[PDB]
Asks: 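Pasting in a structure now, in structure tokens, and then I'll have a few things to ask.
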Number of protein chains: 2
Amino acid sequence: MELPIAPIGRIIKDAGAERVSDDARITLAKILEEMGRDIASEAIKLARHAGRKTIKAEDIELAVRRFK
Amino acid sequence: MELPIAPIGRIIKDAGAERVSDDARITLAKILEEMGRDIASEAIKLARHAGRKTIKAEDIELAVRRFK
Ligand SMILES: [Cl-]
Ligand SMILES: [Cl-]
Ligand SMILES: [Zn+2]
Ligand SMILES: [Zn+2]
């Protein structure tokens, strides 16, 4: 796992939760990590079809549209 | 912003990118943060319709299904 748990716990508290189980924080961190990886994988293929090696913000923005 | 950028950069490198612009890392961190907040907001309403104050892993798992 790359994402730290603490910041994910703050997101859920920030959205209005009174109490958050430790298992809720870990579940959302793993779901967002898996989303990040699938978006990143699609952004890499977009950059390669554009002839580039550098992943740019427009690749991320176009890749997220396949998941919406 | 709650999520740190560095770990998001590692996710994109881990998925296979050779080089990542700083703007790509920031864009994906903001998209995952916004997803985390919308999931968390829906999980809070599920827990309240179940009569609970504590957000649990099953609330997260049911809330992500509205976005798939
Ligand atoms: Cl998926
Ligand atoms: Cl949205
Ligand atoms: Zn996946
Ligand atoms: Zn939203």
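Only heavy atoms go into these numbers, but all of them, side chains included; no hydrogens, no water, no symmetry mates. Residue numbers start from 1 in every chain, and the chains themselves are labelled A, B, ... in the order their sequence lines are given, proteins ahead of strands.
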Asks: If you count heavy-atom pairs within less than 4.5 Å of chain B, which of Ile39(A), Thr27(A), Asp38(A), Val64(A) leads?
Replies: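 Heavy-atom pair counts peak at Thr27(A).
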
Asks: If you count heavy-atom pairs within less than 4.5 Å of chain A, which of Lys68(B), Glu18(B), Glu61(B), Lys53(B) leads?
Replies: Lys53(B)

Asks: Decide, yes or no, whether a salt bridge links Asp59(B) with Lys56(B) under the criterion of side-chain N to carboxylate O below 4.0 Å.
Replies: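 Between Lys56(B) and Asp59(B) there is no salt bridge, as every charged N stays at least 4.0 Å from the carboxylate O atoms.
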
Asks: Provide the closest heavy-atom pair for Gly36(B) versus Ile11(A) in the form atom of the first, atom of the second, distance.
Replies: C-CG2, 3.8 Å

Asks: Got a salt bridge between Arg37(A) and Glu33(A), using NZ or NE/NH1/NH2 to carboxylate O under 4.0 Å?
Replies: yes

Asks: Which atom pair, heavy atoms only, marks the closest approach of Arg25(A) to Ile8(A)?
Replies: O-CG2, 3.6 Å

Asks: Quick check for you: among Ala24(A), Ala15(A), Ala40(A), which has the greatest number of heavy-atom pairs under 4.5 Å with chain B?
Replies: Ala24(A)

Asks: Relative to chain B, which segment of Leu32(A) carries a heavy atom at a distance below 4.5 Å: side chain, backbone, both, or neither?
Replies: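 Answer is both: backbone and side chain atoms of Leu32(A) are under 4.5 Å from chain B.
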
Asks: Relative to chain B, which segment of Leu28(A) carries a heavy atom at a distance below 4.5 Å: side chain, backbone, both, or neither?
Replies: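 For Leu28(A), heavy atoms of backbone and side chain both lie under 4.5 Å from chain B.
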
Asks: Kindly give the heavy-atom pair with the smallest separation between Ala29(A) and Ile5(A), and that separation in Å.
Replies: CB-CD1, 3.7 Å

Asks: Please classify the contact of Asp14(B) with chain A as side chain, backbone, both or neither, using a heavy-atom distance under 4.5 Å.
Replies: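 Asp14(B) touches chain A through side-chain heavy atoms alone.
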
Asks: I'd like to know if the side chain of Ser21(A) and the backbone of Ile55(B) have a donor-acceptor N/O pair within less than 3.5 Å.
Replies: yes

Asks: Does any heavy atom of chain A fall under 4.5 Å from the side chain of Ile12(B), the backbone, both, or neither of them?
Replies: both

Asks: Shorter than 4.5 Å, heavy atoms on both sides: which option in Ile31(B), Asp23(B), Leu3(B), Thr54(B) has the most such pairs with chain A?
Replies: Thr54(B)

